[PDB]
Amino acid sequence: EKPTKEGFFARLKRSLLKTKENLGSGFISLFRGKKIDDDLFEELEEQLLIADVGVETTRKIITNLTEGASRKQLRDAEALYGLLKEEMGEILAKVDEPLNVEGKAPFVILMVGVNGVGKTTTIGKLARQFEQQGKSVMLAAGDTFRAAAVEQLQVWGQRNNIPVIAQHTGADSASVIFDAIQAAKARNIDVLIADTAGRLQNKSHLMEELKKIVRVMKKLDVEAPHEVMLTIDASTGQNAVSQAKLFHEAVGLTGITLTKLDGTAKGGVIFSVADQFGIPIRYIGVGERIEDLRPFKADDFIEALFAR
């Protein structure tokens, strides 16, 4: 066949099956045959919360939905579906801005996040995506005190013909990353992806470590890191929201990757993250393949979520 909108949406809809049970098309059974009254909005709120949309974001959706329904004096609950699609779409549109890594030498992505939420996999998928676009990639193994994490990137780089800058276990992360930027410049690398420590220290130590790295990058390039990317796991519920808060306060994020959307029946995390922080969501993980780490587009996501 050929690539088509229909084929793409068929797959995207399927990947969100579990989440669509409660959100988007999931709303249809909830509204069917009901009138609009306080009980209805309460049932909707409960459904939103159970899907991990989060109390504050749920409250905002319900308030805005109520106002919209009042402007039209809707009476039938079924008609709320369209307004909800619009309201939840508005939340996501504010953080729709795909990552553009072009035109730098190198474009530096500082990858932050806890270990175990898909950060290491996201590094591999992004590196391959950039190569598939015709860009050269290098990695920096900046999680220097975890031999396992360093060896993981080193072996992967070796097998995939991608250079990986790494030093002995216990090396200074800032120095590994400094050396990596230098190596990347010397080798005309388009994108450098730098891993960082995800075995959470205490907050002060996390802040110190990350600020140290950024400062050291700026000893070479005032624009590095061009992107500070958090990776969080959508199936972890409010853990992902709290993790975003922690890292955003520690270093200041510029982009978010949200993994494992296909793995949970409570897909509200994306709305909570969007609403709470207003940081662009660069990519969403909706499957195991490289291409399944999809650049995030709000309208397409909403269409898939709400399509019955």
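Note that chain A is numbered according to Swiss-Prot, with residues 188-495 shown in order.
Structure method, as recorded: X-ray crystallography, 1.6 Å.
Cβ coordinates are placed from backbone N, Cα and C, and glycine is handled just like the others.
Annotated in Swiss-Prot:
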- 300-307, 382-386, 446-449: GTP binding site (BINDING)
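Ranking the binding-site residues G300, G303 by how many Cβ atoms sit within 10 Å of each one's Cβ puts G300 at the top. Comparing Cβ neighbour counts within 10 Å across the binding-site residues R386, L448, the minimum falls on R386. All protein chains included, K306 (GTP binding site) registers 24 other Cβ atoms within 10 Å of its own Cβ. Classification of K306 (GTP binding site) by DSSP places it within a helix.
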